[PDB]
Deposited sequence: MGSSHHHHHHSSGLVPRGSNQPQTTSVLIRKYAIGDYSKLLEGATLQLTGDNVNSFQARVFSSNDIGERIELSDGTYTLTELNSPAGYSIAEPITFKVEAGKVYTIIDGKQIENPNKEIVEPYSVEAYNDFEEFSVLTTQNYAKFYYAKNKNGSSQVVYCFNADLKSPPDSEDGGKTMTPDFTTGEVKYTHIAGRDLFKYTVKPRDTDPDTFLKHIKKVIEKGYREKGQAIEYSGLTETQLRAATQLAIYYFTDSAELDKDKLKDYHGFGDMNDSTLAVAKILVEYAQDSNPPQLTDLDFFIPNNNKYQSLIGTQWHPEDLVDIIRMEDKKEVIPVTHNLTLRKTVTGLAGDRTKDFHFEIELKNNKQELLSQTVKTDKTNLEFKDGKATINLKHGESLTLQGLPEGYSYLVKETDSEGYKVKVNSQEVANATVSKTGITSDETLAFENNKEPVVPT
């Protein structure tokens, strides 16, 4: 039918898959639980809608939001967009190098940034550094036949993935929208230097000079590099770029930023197995070697992208009924103000939200913590059966027993007090 690989990653360090996560794949097919490993969980799936849930995560990491995806006619979709995560079956197996042997000046000195990635067939494709400040790919003295290993982590090999969802690999990006950023890169590669012995459209310019201009045009978007002679003179040896090349670097950026849509549909991308080394944007595209990855990312819980919402009830006054269930109507929306129809897990029994709404009940001294709510979410909680009582939420008189909060960036607590004097 259709092969997929479940891969767990850690946000911010993709130098290895995150092992030790307990995962659960559910179908709308026998549901199963498995452990995250170093290559990915290989699964054959029939057409249908599936859900991947993290039951618990490794020490240090928060529980990730469940991924719901859809298999249909041999393709995978995430919930409906085409699966943006397509990656080689054996990760950190593709060799990329820096051709230390190759000499071609920028003005007075060797460019010395001739980065390549070896394809399955043995050929090399021109690649560019995606992280200006991180280490260049392994030096090679024989055109990619043998590479210099890293002293600490051994041979630096790369996972080959599709260049979709590239925003999250950038250190200091100029753009704020991931789509607009992917647009910008695609178009720089497009009018930049892609092949050895290609026609150089721009007069009075070598292959290595267009190559250099292309690289700087990537840094423009990936690391907010400026295209100014004065500010580049100690910036990674780009002070050896003549004014003719810099101008072509400008043209590439100005083409990227114009409204025309990108002509290239996809590009190869490469991630090293050492997070001190830079990721690499390819000039070519090899969908043959890529399979569908259902890719889940765990965030460190010290800086969490999800949050807890606690509701407590307290009954005060001598006439208050402490063995009474008060009922609360919760309405949740996401970052983009869409009503959440999902399963919110809790410290007690899990809560099925429908049309943004879900109802709970609490007696005096009872509480309930809704867990794993997304960044920037909002609530609207009403106590529906407040008749008779003077209700305070977080010690504030609320005539209608209804309280809201939007763009929630942290844990919150709604401590309801239900007073009733005699």
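Peer 1: Without any C-alpha position in the structure, which residue ranges of the deposited sequence would you list, numbering from 1?
Peer 2: Counting from residue 1, the stretches without coordinates are 1-23, 52-55, 107-110, 454-457.
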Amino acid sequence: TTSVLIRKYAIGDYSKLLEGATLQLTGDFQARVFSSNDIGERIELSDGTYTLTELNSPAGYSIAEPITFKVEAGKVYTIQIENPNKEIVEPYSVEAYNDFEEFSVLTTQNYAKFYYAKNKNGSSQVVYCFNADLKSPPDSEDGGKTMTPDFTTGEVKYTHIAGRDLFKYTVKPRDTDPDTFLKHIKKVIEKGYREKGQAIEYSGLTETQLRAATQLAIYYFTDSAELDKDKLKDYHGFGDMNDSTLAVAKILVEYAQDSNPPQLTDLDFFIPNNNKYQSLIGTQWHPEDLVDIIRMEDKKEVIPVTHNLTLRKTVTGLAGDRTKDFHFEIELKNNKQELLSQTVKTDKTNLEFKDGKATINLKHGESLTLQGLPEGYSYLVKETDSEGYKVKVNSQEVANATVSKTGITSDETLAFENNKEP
From here on, numbers count along this sequence of modelled residues.
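Peer 1: With respect to the recorded C-alpha B factors, which stretch has the higher mean value, 156-164 or 107-115?
Peer 2: The stretch with the larger average C-alpha B-factor is 107-115.
Peer 1: Quick one: say whether 179-187 or 244-252 has the higher mean Cα B-factor in the deposited entry.
Peer 2: The recorded data point to 244-252.
Peer 1: Just the C-alpha B-factor column, please: which of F69, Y61, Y389, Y377 has the biggest number?
Peer 2: If I rank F69, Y61, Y389, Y377 by C-alpha B-factor, first place goes to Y389.
Peer 1: Which one of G192, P304, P84, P261 shows the biggest C-alpha B-factor in the PDB entry?
Peer 2: It is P261.
Peer 1: What third of the chain, by the recorded C-alpha B-factor, contains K276?
Peer 2: CA B-factor rank for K276: lowest third.
Peer 1: Is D142 in the lowest, middle or highest third of its chain when residues are ranked by C-alpha B-factor?
Peer 2: It falls in the top third of the chain.
Peer 1: Relative to the other modelled residues of the same chain, rank the CA B-factor of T148 and answer lowest, middle or highest third.
Peer 2: Its C-alpha B-factor belongs to the middle third of this chain's values.
Peer 1: Going by the recorded CA B-factors, say which third of the chain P91 sits in, lowest, middle or highest.
Peer 2: Lowest third.
Peer 1: When the modelled residues of the chain are sorted by Cα temperature factor, does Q30 land in the lowest, middle or highest third?
Peer 2: Highest third.
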